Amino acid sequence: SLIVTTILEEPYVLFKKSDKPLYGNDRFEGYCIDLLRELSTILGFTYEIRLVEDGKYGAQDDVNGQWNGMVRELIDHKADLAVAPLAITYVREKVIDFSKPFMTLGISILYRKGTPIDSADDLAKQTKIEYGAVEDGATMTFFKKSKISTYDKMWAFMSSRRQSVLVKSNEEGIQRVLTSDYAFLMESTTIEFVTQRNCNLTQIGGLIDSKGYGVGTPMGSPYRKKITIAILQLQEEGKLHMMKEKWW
């Protein structure tokens, strides 16, 4: 029986709401839970869903070099699989493995409708409107690592206001956009979900980069190849697209 680490994030993973108490895997639903069920059936494994203890996606600590979040769990073999909206990035590929992508996306900007702000550039060159990203996430790590002028500038702004502009979760980021003058750097897939339920919010500009979500495994896992093949099958039969339409 495989240990699967994941994280609460609508509409990928959320607590099923019901009248009666729910236990184990039954507590959860969402796109990634659907995915996990398909993978379990194809590859023929049983599993236990465990929410990542520290509630993080995964980043390397600057000072001690230690990883956190789901990535860390994989590193220490505390989980067999990470099934979640986990971005495939070059820093992560150095320490874990990923299946081929089950979804493609890009960093973009979440802000309110009807403002002059039309790009990351517009944001970088002012200080009135604050902006940030999820702490210890792939988006924050992009900006932290970027050599591109505009993004280095935005990272300088973010790190100096770290206290107020880097959030613990997408939901906190969205809440800031709703309740203050704040633009949120987040993934385009999640933005599409958010703007479908908040008719006063929109995506600003296009995609800042391009990346995929993949299932994470410890480096050298024998499951990576099997999961990659299952994902490509799900993709080709239209099942991933069907799952996205269901949850968005």
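Position 1 is the first residue in the sequence shown; the rest follow in order.
When 234 to 242 is weighed against 15 to 23, 15 to 23 comes out higher, by mean CA B-factor as recorded in the entry.
Comparing 119 to 127 with 139 to 147, the higher mean C-alpha B-factor in the PDB entry belongs to 119 to 127. In this entry, the residue among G212, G65, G44, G216 with the greatest C-alpha B factor is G65.
Highest C-alpha temperature factor among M154, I75, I109, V83 per the entry: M154. In the PDB entry, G55 places in the lowest third of its chain by CA B-factor. Sorting the modelled residues of the chain by their CA temperature factor places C199 in the highest third. Ranked against the other modelled residues of its chain, the C-alpha B-factor of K100 as given in the entry falls in the lowest third. Remark: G206 belongs to the highest third of its chain, ranked by C-alpha B-factor as recorded.
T190: CA B factor lies in the lowest third for its chain, per the PDB record.
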